[PDB]
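By convention here, the first residue in the shown sequence is residue 1. In what follows, every heavy atom counts, from backbone to side chain, and hydrogens, waters and symmetry copies are set aside. Atoms within a ligand are numbered from 1 in the order they appear, just like the ligands themselves.
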Amino acid sequence: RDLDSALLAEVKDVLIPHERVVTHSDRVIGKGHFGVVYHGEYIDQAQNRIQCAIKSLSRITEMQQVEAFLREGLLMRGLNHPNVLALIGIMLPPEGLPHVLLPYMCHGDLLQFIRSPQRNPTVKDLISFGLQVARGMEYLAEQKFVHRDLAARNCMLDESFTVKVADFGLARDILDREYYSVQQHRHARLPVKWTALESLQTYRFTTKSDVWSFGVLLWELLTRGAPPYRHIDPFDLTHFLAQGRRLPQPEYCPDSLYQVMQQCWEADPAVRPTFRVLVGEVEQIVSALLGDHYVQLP
Ligand SMILES: Nc1ncnc2c1ncn2[C@@H]1O[C@H](COP(=O)(O)OP(=O)(O)NP(=O)(O)O)[C@@H](O)[C@H]1O
Ligand SMILES: [Mg+2]
């Protein structure tokens with residue numbers, strides 16, 4: 001189960017040798033759809049030791065998929081934006097699965113931030129976070145990356161509460177259909193309810209299906225973390241959306257933003273706006289707000 005020397009050379013700029021990395025397998029941060037995240041440490045190029053997070057991927061086993069992942073890793077390694085979480089690199093233990101090294105984000109994820117009873121976010125605070133997500137997504141789209149798993153939980157917060165979009169480059173067209181399937185009814189996975197109607201049908205994802213996901217993300221923000229479509233069996237979800245029903249306008253969501261959400265969820269992907277346009281629209285909404293309300297927990 002070893003890589004071709006040629007591959008190893010091709011993807012050298014993203015591989016970190018296992019002997020430059022410690023995974024604290026007893027310091028588990030949490031487990032998700034696509035692997036387990038641990039505290040860890042690696043040695044940089046200056047020979048300094050850096051604390052980080054390390055995610056061992058559970059769904060990448062076949063060698064063709066491992067190779068595909070590393071080549072995609074090499075692309076991601078070159079991504080650089082304030083609102084996008086850096087990929088430090090990838091590590092292959094001699095026998096075992098690909099590990100992704102990520103900057104440790106000390107303030108956790110947006111979903112937990114907004115759900116914290118110890119905080120009192122305003123509407124304007126919440127839309128401002130949304131704008132930061134839009135900016136990260138605009139950059140990813142420009143770089144020809146489709147997230148496939150965009151949601152408030154995958155927007156991380158650093159020491160200065162800068163939002164970093166994370167966990168792109170993991171889910172794939174077709175291969176990961178299990179996480180997007182509705183045939184398990186109330187055993188279906190979280191991503192179903194963030195996924196564009198057409199992608200529920202085909203397991204093919206585009207930037208326009210990410211735009212749909214972003215609409216649901218905005219709805220999360222302005223409900224401070226309500227579960228989308230709480231009372232709908234996922235089995236009925238495609239039918240609900242095909243009738244043209246959508247998430248309802250949150251109590252303190254301005255009409256201008258609800259309109260953007262509605263654009264994001266147009267049934268025709270071509271009609272949905274680009275992230276570039278969303279950035280502009282959301283920026284305009286922020287600047288044109290009148291007054292400000294606290295927002296309650298759901
Ligand atoms: N770079 C990071 N720094 C700190 N915590 C992180 C980092 N990446 C992930 N986590 C946390 O690790 C836990 C597991 O992450 P993950 O496996 O991505 O699950 P998820 O975000 O809940 N779902 P998903 O990403 O859709 O599969 C979550 O509490 C994350 O917030
Ligand atoms: Mg995640």
Practice prompt. Check the angle between the aromatic planes of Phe113 and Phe129 and answer parallel, tilted or perpendicular using the 30° and 60° thresholds.
Written response: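 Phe113 and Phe129: perpendicular rings.
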Worksheet entry | Ring geometry between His147 and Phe168 (parallel below 30°, tilted from 30 to 60°, perpendicular above 60°) |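 Answer is perpendicular, since the angle exceeds 60°.
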Worksheet item: Would one find more than 12 heavy atoms of other residues, nucleotides or ligands at under 6.0 Å from atom CZ of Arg119?
Response: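 Count over threshold, so yes.
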For [X], counting its heavy atoms only, list the atoms of ligand 1 lying under 4.0 Å from any of them.
{"X": "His33", "answer": "23 (N), 24 (P), 26 (O), 27 (O)"}
{"X": "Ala53", "answer": "1 (N), 2 (C), 3 (N)"}
{"X": "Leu102", "answer": "1 (N)"}
{"X": "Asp109", "answer": "31 (O)"}
{"X": "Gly30", "answer": "13 (C), 14 (C)"}

Worksheet item: For ligand 1, is there an atom lying under 4.0 Å from some heavy atom of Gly35?
Response: yes
Discussion item. Check contact between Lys55 and ligand 1, using heavy atoms of the residue and a distance below 4.0 angstrom.
Written reply: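 Yes, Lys55 has a heavy atom closer than 4.0 Å to ligand 1.
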Discussion item. Nearest N/O/S atom of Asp167 with respect to the Mg ion (ligand 2), by atom name, please.
Written reply: OD2
Worksheet item: Within 4.0 Å of atom 6 (C) of ligand 1 (strictly less), any protein heavy atom?
Response: yes
May I ask you to check if ligand 1 and [X] share an N or O to N or O distance below 3.5 Å?
{"X": "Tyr104", "answer": "no"}
{"X": "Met156", "answer": "no"}
{"X": "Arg153", "answer": "yes"}

Which residue and non-hydrogen atom of the protein lie closest to [atom], and at what distance in Å?
{"atom": "atom 15 (O) of ligand 1", "value": "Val37 CG2, 3.6 Å"}
{"atom": "atom 26 (O) of ligand 1", "value": "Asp149 OD2, 2.6 Å"}
{"atom": "atom 18 (O) of ligand 1", "value": "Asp167 OD2, 2.7 Å"}
{"atom": "atom 11 (C) of ligand 1", "value": "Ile29 CG2, 3.7 Å"}
{"atom": "atom 21 (O) of ligand 1", "value": "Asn154 OD1, 3.0 Å"}
{"atom": "atom 3 (N) of ligand 1", "value": "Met105 N, 3.1 Å"}

Fill in: Candidate pair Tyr139 and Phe275, rule ring pair (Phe, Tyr, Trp, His ring centres under 6.0 Å), full reasoning
CA-CA 9 Å; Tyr139 175 81; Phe275 282 113; over 10 Å; no
Fill in: Distance flag, aromatic centroids of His185 and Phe235, threshold under 6.0 Å
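Distance test on ring centres: under 6.0 Å, yes.
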Practice prompt. Give the single entry among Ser58, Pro103, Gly32 that approaches atom 1 (N) of ligand 1 most closely by any heavy atom.
Written response: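 That would be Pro103.
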Worksheet item: Distance only, no hydrogens: is a donor on one side chain within 3.5 Å (strictly under) of an acceptor on the other, for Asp255 and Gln249?
Response: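 Distance-only check passes for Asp255 and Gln249.
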Worksheet item: Will you find, in the side chains of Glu220 and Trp194, an N or O donor that is under 3.5 Å from an N or O acceptor?
Response: yes
Worksheet item: Would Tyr180 and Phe205 satisfy ring pair (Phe, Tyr, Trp, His ring centres under 6.0 Å), going step by step from the backbone distance to the final call?
Response: CA-CA 11 Å; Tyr180 300 92; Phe205 298 85; 4.6 Å; yes
Practice prompt. Show your working on salt bridge (charged side-chain N to carboxylate O under 4.0 Å, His left out) between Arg1 and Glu95 and close with a plain yes or no.
Written response: CA-CA 7 Å; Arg1 201 187 185 185; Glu95 266 161 42; over 6 Å; no
Discussion item. Is there a continuous path of hydrophobic side-chain contacts, each under 4.5 Å between heavy atoms, that joins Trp265 to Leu190?
Written reply: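 Yes, one cluster joins them.
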Practice prompt. Look at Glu283 together with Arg135 and state whether they make a salt bridge at an N to O cut-off of under 4.0 Å.
Written response: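 So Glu283 pairs with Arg135 through a salt bridge.
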Worksheet item: Got a salt bridge between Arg204 and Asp173, using NZ or NE/NH1/NH2 to carboxylate O under 4.0 Å?
Response: yes
Item to complete: Give a yes or no on whether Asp149 keeps an N, O or S atom under 2.8 Å from the Mg ion (ligand 2).
Response: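 Not a single backbone or side-chain N, O or S atom of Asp149 is under 2.8 Å from the Mg ion (ligand 2).
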